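There is one chain below, alone, in structure tokens, taken in the form deposited in one PDB entry.
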């Protein structure tokens, strides 16, 4: 005959900043908005908590632990034999559910990150295969221009303006430069796209993410466990 009671709610954004941020480095636009994130944390603690209460009943001698909307804050309650009491125990549990929910979120996050990392590396790899194809096409275009250059007898550059050169205009660079570009084909750097660099960027941000105990939080107190005055 001694109930201790506390009131909990969604974690604050500052307390979740780093998680939200990590969810952004990994998912970019896809990452959840922060409010949905919060609603998902508390809601996950709630679930683990009821389950604990069910685990609590299934004992040689059952203990009584409650969870239900404060009306949307939530209200939890433990029934004790002494005043403080139902406290300590309640406190001891909030902390427990907190811990099992964290450990699990952190492990999931880290799994997330490693898979991202691995998918990013692969994106980089396949993107290079494409860029490599583009260079190869370029060398072919140059090989063709060399034929137009020789036949038009253009050996030295005829073009007095920078800009892009295209298949029909490469010959203006003249046979001497075009031969050099073919001879040195192997050492022509690949040209990588903006999307390629984004991939790298993200891969750098991902590798940087550090998961610690301060990373995620699941709930915040609006009232810590109470020491009840009037038993039952």
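In this text, the rigid core denotes the largest set of C-alpha atoms whose superposition between the two forms falls within 1.5 Å. Positions refer to the first chain, counted from 1.
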query = Looking at the deposited sequence, how many residues between residue 71 and residue 72 were given no coordinates in the entry: none, 1 to 3, 4 to 9, or 10 or more?
reply = 4 to 9
query = Mean C-alpha B-factor higher for 185 to 193, or for 159 to 167?
reply = 159 to 167
query = Out of 44 to 52 and 196 to 204, which one has CA B-factors that are higher on average in the deposited record?
reply = 44 to 52
query = Considering only 114, 90, 130, 154, which residue's Cα atom bears the greatest B-factor as recorded?
reply = 90
inquiry  = Can you tell me which of 17, 211, 218, 25 has the maximum CA B-factor listed in the PDB entry?
reply    = 211
task = Ordered by C-alpha B-factor within the chain, which third holds residue 177? Give me lowest, middle or highest, please.
result = lowest
ask   = For residue 143, does the deposited CA B-factor place it in the lowest, middle or highest third of the chain?
value = lowest
task = Going by the recorded CA B-factors, say which third of the chain residue 134 sits in, lowest, middle or highest.
result = lowest
query = Split the chain's modelled residues into thirds by Cα B-factor; is residue 100 in the lowest, middle or highest one?
reply = highest
inquiry  = By the recorded C-alpha temperature factor, relative to the other modelled residues in its chain, which third is residue 149 in?
reply    = lowest
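A second form of this protein, the form deposited in another entry, is not displayed here; the remarks below concern that form.
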query = Once you line up the core, how about residue 93: does its CA shift reach 2 Å between the shown form and the other one?
reply = no
key: Threshold 2 Å Cα movement between the shown form and the other one for residue 169, core superposed   = yes
ask   = Superposing on the rigid core, is the CA of residue 188 displaced by 2 Å or more between the shown form and the other one?
value = yes
